[PDB]
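As provided, entry_32.txt (compact mmCIF, C-alpha atoms) reads as follows.
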```txt
# COMPACT_ATOMS: atom_id res chain seq x y z
CA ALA A 1 -22.48 -233.05 44.54
CA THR A 2 -26.21 -232.91 45.33
CA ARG A 3 -27.43 -229.37 44.60
CA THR A 4 -28.45 -229.04 40.95
CA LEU A 5 -29.75 -225.60 39.97
CA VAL A 6 -32.12 -225.14 37.04
CA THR A 7 -32.00 -222.30 34.51
CA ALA A 8 -34.47 -221.55 31.74
CA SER A 9 -33.27 -221.76 28.15
CA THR A 10 -34.78 -221.19 24.71
CA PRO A 11 -33.59 -222.98 21.55
CA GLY A 12 -33.69 -221.10 18.25
CA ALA A 13 -37.29 -221.47 17.06
CA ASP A 14 -39.82 -223.78 15.40
CA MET A 15 -39.90 -223.59 11.61
CA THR A 16 -43.31 -225.15 11.00
CA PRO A 17 -45.03 -222.97 8.37
CA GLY A 18 -48.19 -221.25 9.52
CA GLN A 19 -51.65 -221.37 8.03
CA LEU A 20 -52.16 -218.98 5.12
CA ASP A 21 -55.33 -217.20 4.00
CA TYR A 22 -56.18 -215.94 0.52
CA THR A 23 -56.81 -212.19 0.54
CA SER A 24 -56.43 -211.82 -3.26
CA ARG A 25 -54.21 -208.76 -2.77
CA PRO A 26 -51.97 -208.41 -5.85
CA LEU A 27 -48.66 -208.25 -3.94
CA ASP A 28 -49.03 -210.49 -0.89
CA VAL A 29 -46.64 -213.44 -1.01
CA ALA A 30 -46.17 -216.65 0.96
CA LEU A 31 -42.95 -218.64 0.93
CA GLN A 32 -42.24 -222.34 0.47
CA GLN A 33 -41.36 -224.75 3.29
CA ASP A 34 -37.93 -223.17 3.86
CA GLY A 35 -38.25 -219.85 2.08
CA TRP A 36 -36.96 -216.52 3.37
CA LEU A 37 -37.44 -212.99 2.06
CA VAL A 38 -34.32 -210.86 2.44
CA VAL A 39 -34.72 -207.32 3.80
CA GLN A 40 -32.28 -204.57 4.73
CA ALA A 41 -32.19 -204.17 8.51
CA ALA A 42 -31.74 -200.82 10.22
CA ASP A 43 -28.03 -201.33 10.90
CA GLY A 44 -27.51 -202.22 7.22
CA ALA A 45 -26.75 -205.94 7.45
CA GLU A 46 -29.25 -208.07 5.56
CA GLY A 47 -31.82 -210.09 7.46
CA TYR A 48 -34.32 -212.82 6.66
CA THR A 49 -38.04 -212.88 7.36
CA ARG A 50 -41.29 -214.49 6.23
CA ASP B 1 5.08 -222.76 89.78
CA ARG B 2 3.15 -225.20 91.99
CA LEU B 3 -0.17 -223.42 92.48
CA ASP B 4 0.53 -221.37 89.36
CA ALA B 5 1.02 -224.36 87.06
CA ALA B 6 -1.75 -226.45 88.63
CA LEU B 7 -4.23 -223.65 87.99
CA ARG B 8 -2.50 -222.77 84.70
CA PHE B 9 -3.48 -226.02 83.02
CA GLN B 10 -7.19 -225.36 83.47
CA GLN B 11 -6.76 -221.63 82.82
CA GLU B 12 -5.17 -222.36 79.44
CA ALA B 13 -7.87 -224.91 78.63
CA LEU B 14 -10.53 -222.30 79.41
CA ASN B 15 -8.77 -219.64 77.34
CA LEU B 16 -8.53 -222.02 74.38
CA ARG B 17 -12.24 -222.78 74.73
CA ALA B 18 -12.94 -219.04 74.69
CA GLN B 19 -10.88 -218.48 71.54
CA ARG B 20 -12.55 -221.41 69.79
CA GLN B 21 -15.91 -219.95 70.82
CA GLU B 22 -14.88 -216.64 69.27
CA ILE B 23 -13.92 -218.34 66.01
CA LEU B 24 -17.19 -220.29 65.92
CA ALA B 25 -19.24 -217.15 66.56
CA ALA B 26 -17.33 -215.32 63.83
CA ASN B 27 -17.93 -218.03 61.24
CA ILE B 28 -21.59 -218.32 62.26
CA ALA B 29 -22.18 -214.57 61.95
CA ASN B 30 -20.38 -214.67 58.60
CA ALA B 31 -22.42 -217.64 57.36
CA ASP B 32 -24.16 -215.75 54.53
CA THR B 33 -21.24 -214.24 52.59
CA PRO B 34 -19.98 -215.72 49.30
CA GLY B 35 -16.33 -216.68 49.08
CA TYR B 36 -15.96 -217.53 52.77
CA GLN B 37 -14.26 -220.66 54.10
CA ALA B 38 -15.24 -222.14 57.45
CA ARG B 39 -12.37 -222.14 59.94
CA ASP B 40 -11.69 -224.08 63.13
CA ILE B 41 -8.83 -224.99 65.47
CA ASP B 42 -7.79 -228.52 66.43
CA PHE B 43 -8.59 -228.18 70.11
CA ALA B 44 -6.77 -231.26 71.42
CA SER B 45 -3.51 -230.70 69.53
CA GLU B 46 -3.56 -226.97 70.23
CA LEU B 47 -4.07 -227.55 73.96
CA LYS B 48 -1.27 -230.12 74.01
CA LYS B 49 1.08 -227.66 72.31
CA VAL B 50 0.11 -224.79 74.62
CA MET B 51 0.55 -226.93 77.74
CA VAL B 52 4.27 -227.25 76.91
CA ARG B 53 4.56 -223.80 75.30
CA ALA B 54 -1.08 -217.07 67.85
CA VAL B 55 -3.30 -220.06 67.06
CA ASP B 56 -3.04 -222.06 63.82
CA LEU B 57 -6.59 -222.18 62.48
CA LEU B 58 -7.35 -224.50 59.56
CA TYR B 59 -10.14 -224.83 57.02
CA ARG B 60 -13.11 -227.17 57.35
CA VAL B 61 -14.05 -229.62 54.60
CA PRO B 62 -17.34 -228.79 52.85
CA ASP B 63 -20.18 -231.29 52.77
CA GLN B 64 -22.25 -230.07 49.80
CA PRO B 65 -21.33 -227.46 47.18
CA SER B 66 -22.88 -224.02 46.90
CA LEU B 67 -22.52 -221.81 43.83
CA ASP B 68 -21.59 -218.67 45.78
CA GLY B 69 -18.61 -220.42 47.38
CA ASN B 70 -19.86 -220.66 50.96
CA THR B 71 -18.67 -223.67 52.96
CA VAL B 72 -20.14 -222.91 56.39
CA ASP B 73 -23.01 -225.26 57.26
CA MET B 74 -25.40 -223.86 59.85
CA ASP B 75 -26.44 -227.13 61.50
CA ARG B 76 -22.87 -228.36 62.00
CA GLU B 77 -21.80 -224.94 63.26
CA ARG B 78 -24.69 -224.85 65.74
CA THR B 79 -23.86 -228.32 67.05
CA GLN B 80 -20.20 -227.35 67.45
CA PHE B 81 -21.20 -224.11 69.19
CA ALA B 82 -23.38 -225.97 71.69
CA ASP B 83 -20.62 -228.52 72.34
CA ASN B 84 -18.08 -225.75 72.91
CA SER B 85 -20.40 -223.89 75.28
CA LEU B 86 -20.96 -227.04 77.34
CA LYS B 87 -17.22 -227.74 77.45
CA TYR B 88 -16.56 -224.15 78.52
CA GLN B 89 -19.07 -224.39 81.35
CA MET B 90 -17.63 -227.76 82.43
CA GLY B 91 -14.13 -226.31 82.57
CA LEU B 92 -15.46 -223.32 84.49
CA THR B 93 -17.11 -225.62 87.04
CA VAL B 94 -13.94 -227.70 87.46
CA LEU B 95 -11.79 -224.60 87.92
CA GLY B 96 -14.24 -223.13 90.41
CA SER B 97 -14.32 -226.37 92.38
CA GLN B 98 -10.52 -226.48 92.54
CA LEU B 99 -10.31 -222.85 93.66
CA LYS B 100 -13.06 -223.31 96.25
CA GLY B 101 -11.33 -226.39 97.65
CA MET B 102 -8.02 -224.54 97.81
CA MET B 103 -9.69 -221.65 99.64
CA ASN B 104 -11.49 -223.99 102.04
CA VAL B 105 -8.23 -225.77 102.90
CA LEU B 106 -7.05 -222.53 104.52
CA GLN B 107 -10.09 -222.59 106.84
```

For the file at hand, write its structure as structure tokens.
Amino acid sequence: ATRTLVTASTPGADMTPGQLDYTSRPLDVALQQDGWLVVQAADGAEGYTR
Amino acid sequence: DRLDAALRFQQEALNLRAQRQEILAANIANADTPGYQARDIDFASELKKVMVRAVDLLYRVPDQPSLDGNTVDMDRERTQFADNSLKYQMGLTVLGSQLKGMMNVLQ
């Protein structure tokens, strides 16, 4: 068994929080290290975002 | 029967060479199709059976796997094809020499 094909693959993601800037807008929010805002997706099932 | 059998040995050898050539050409032309298994005939055993007598072809072991399931290897098939062609021409020359000698005896 010599031939060994290679296929690309992507793990889930990287959860390092990004840099945040202060725009002083009254209702702009930034989460904690592992925070997630819940929204209602188009299909109806809830989803998480930042 | 005498002349018939004496020529028949080489005639059957030549026919077996031709059939093996046909099989080799088939499995070379079909060398780029998934799910195909390389086939060949045991020339020596087949000739021995025919001499005292619809051929029993058998699969060829692969040498390195391929995902699509192809087992025919082009280099080995080419070497076998060249060997078979040379054997066929050798048998042709021997048969022609025997026939020419037989004809020349009558002169």

May I ask which of the residues B:92, B:5, B:50, B:67 is the closest one to chain A, counting all atoms listed in the file? B:67

With a distance cut-off of 8 Å and all atoms listed in the file, select the neighbouring residues of residue 3 in chain A, excluding the residue or stretch itself and same-chain residues fewer than 4 positions from it, and output the selection as an MDAnalysis selection string. chainID B and resid 64:66

All file atoms of range 38-55 of chain B boxed axis-aligned, 5 Å per side, centre plus edges, as lines of an AutoDock Vina configuration file:
```
center_x = -5.3
center_y = -224.2
center_z = 67.6
size_x = 29.8
size_y = 24.2
size_z = 30.3
```

What are the nearest atom pairs, with distances in Å to one decimal, for all residues of chain A that come at most 12 Å from chain B, using only C-alpha atoms, set out by chain and rising residue number as a Markdown table?
```
| residue | atom | partner | partner_atom | distance |
| --- | --- | --- | --- | --- |
| A:1 | CA | B:64 | CA | 6.0 |
| A:2 | CA | B:64 | CA | 6.6 |
| A:3 | CA | B:65 | CA | 6.9 |
| A:4 | CA | B:66 | CA | 9.6 |
| A:5 | CA | B:67 | CA | 9.0 |
```

Rounded to one decimal in Å, what is the spacing between CA of residue 43 in chain B and CA of residue 17 in chain B? 8.0 Å

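Taking CA of residue 61 in chain B and CA of residue 77 in chain B as the two end points, the separation is 12.5 Å.
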
Using Å and a single decimal, report how far CA of residue 24 in chain B sits from CA of residue 75 in chain B.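 Those two atoms sit 12.3 Å apart.
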
If we count all atoms listed in the file and set the cut-off at 10 Å, which residues sit around range 27-29 of chain A, ignoring sequence neighbours fewer than 6 positions away in its own chain? Please answer as a tab-separated table (two decimals) with C-alpha atoms, in the frame of the given file.
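Full text of selection_34.tsv as output:
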```
chain	number	residue	atom	x	y	z
A	20	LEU	CA	-52.16	-218.98	5.12
A	37	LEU	CA	-37.44	-212.99	2.06
A	50	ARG	CA	-41.29	-214.49	6.23
```

Radius query 10 Å about (-30.7, -216.5, 0.9), atoms used: all atoms listed in the file, as a PyMOL selection string: chain A and resi 35-38+46-48

Could you rebuild range 13-32 of chain A with N, CA, C and O atoms and give it back as a short mmCIF file (atom, residue, chain, number, x, y, z; two decimals), keeping the file's coordinate frame?
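Below you can see out_4.cif, which holds the result:
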```cif
data_model
loop_
_atom_site.label_atom_id
_atom_site.label_comp_id
_atom_site.auth_asym_id
_atom_site.auth_seq_id
_atom_site.Cartn_x
_atom_site.Cartn_y
_atom_site.Cartn_z
N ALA A 13 -35.89 -221.68 17.40
CA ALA A 13 -37.29 -221.47 17.06
C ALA A 13 -37.89 -222.74 16.47
O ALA A 13 -37.19 -223.75 16.32
N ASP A 14 -39.17 -222.70 16.14
CA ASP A 14 -39.82 -223.78 15.40
C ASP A 14 -40.16 -223.27 14.01
O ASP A 14 -40.75 -222.19 13.86
N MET A 15 -39.78 -224.04 12.99
CA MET A 15 -39.90 -223.59 11.61
C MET A 15 -41.09 -224.22 10.89
O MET A 15 -41.08 -224.31 9.66
N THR A 16 -42.10 -224.64 11.63
CA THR A 16 -43.31 -225.15 11.00
C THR A 16 -44.05 -224.00 10.33
O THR A 16 -44.38 -223.02 11.00
N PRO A 17 -44.33 -224.07 9.03
CA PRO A 17 -45.03 -222.97 8.37
C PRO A 17 -46.44 -222.80 8.91
O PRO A 17 -47.12 -223.77 9.23
N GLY A 18 -46.87 -221.55 9.00
CA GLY A 18 -48.19 -221.25 9.52
C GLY A 18 -49.27 -221.34 8.46
O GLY A 18 -49.01 -221.42 7.27
N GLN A 19 -50.51 -221.33 8.93
CA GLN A 19 -51.65 -221.37 8.03
C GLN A 19 -51.78 -220.05 7.28
O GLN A 19 -51.61 -218.97 7.86
N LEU A 20 -52.09 -220.14 6.00
CA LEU A 20 -52.16 -218.98 5.12
C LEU A 20 -53.58 -218.80 4.60
O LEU A 20 -54.27 -219.78 4.30
N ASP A 21 -54.01 -217.55 4.51
CA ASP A 21 -55.33 -217.20 4.00
C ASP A 21 -55.19 -216.40 2.71
O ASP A 21 -54.21 -215.66 2.52
N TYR A 22 -56.18 -216.54 1.84
CA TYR A 22 -56.18 -215.94 0.52
C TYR A 22 -56.94 -214.62 0.57
O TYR A 22 -58.17 -214.61 0.64
N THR A 23 -56.21 -213.51 0.54
CA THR A 23 -56.81 -212.19 0.54
C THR A 23 -56.91 -211.57 -0.84
O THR A 23 -57.46 -210.48 -0.98
N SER A 24 -56.37 -212.24 -1.86
CA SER A 24 -56.43 -211.82 -3.26
C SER A 24 -55.72 -210.49 -3.52
O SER A 24 -55.87 -209.92 -4.60
N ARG A 25 -54.97 -209.98 -2.55
CA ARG A 25 -54.21 -208.76 -2.77
C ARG A 25 -53.12 -209.01 -3.80
O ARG A 25 -52.47 -210.07 -3.75
N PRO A 26 -52.90 -208.10 -4.75
CA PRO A 26 -51.97 -208.41 -5.85
C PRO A 26 -50.55 -208.71 -5.41
O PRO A 26 -49.88 -209.53 -6.05
N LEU A 27 -50.05 -208.10 -4.33
CA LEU A 27 -48.66 -208.25 -3.94
C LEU A 27 -48.52 -208.72 -2.49
O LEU A 27 -47.77 -208.15 -1.70
N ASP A 28 -49.25 -209.77 -2.13
CA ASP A 28 -49.03 -210.49 -0.89
C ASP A 28 -48.50 -211.88 -1.21
O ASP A 28 -49.13 -212.62 -1.97
N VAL A 29 -47.35 -212.23 -0.64
CA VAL A 29 -46.64 -213.44 -1.01
C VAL A 29 -46.48 -214.34 0.21
O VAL A 29 -46.41 -213.88 1.36
N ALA A 30 -46.41 -215.64 -0.05
CA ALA A 30 -46.17 -216.65 0.96
C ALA A 30 -45.08 -217.59 0.47
O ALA A 30 -45.11 -218.02 -0.69
N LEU A 31 -44.13 -217.90 1.34
CA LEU A 31 -42.95 -218.64 0.93
C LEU A 31 -43.22 -220.14 0.90
O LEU A 31 -44.30 -220.62 1.24
N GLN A 32 -42.20 -220.89 0.49
CA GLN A 32 -42.24 -222.34 0.47
C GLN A 32 -41.93 -222.86 1.88
O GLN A 32 -41.99 -222.12 2.86
#
```
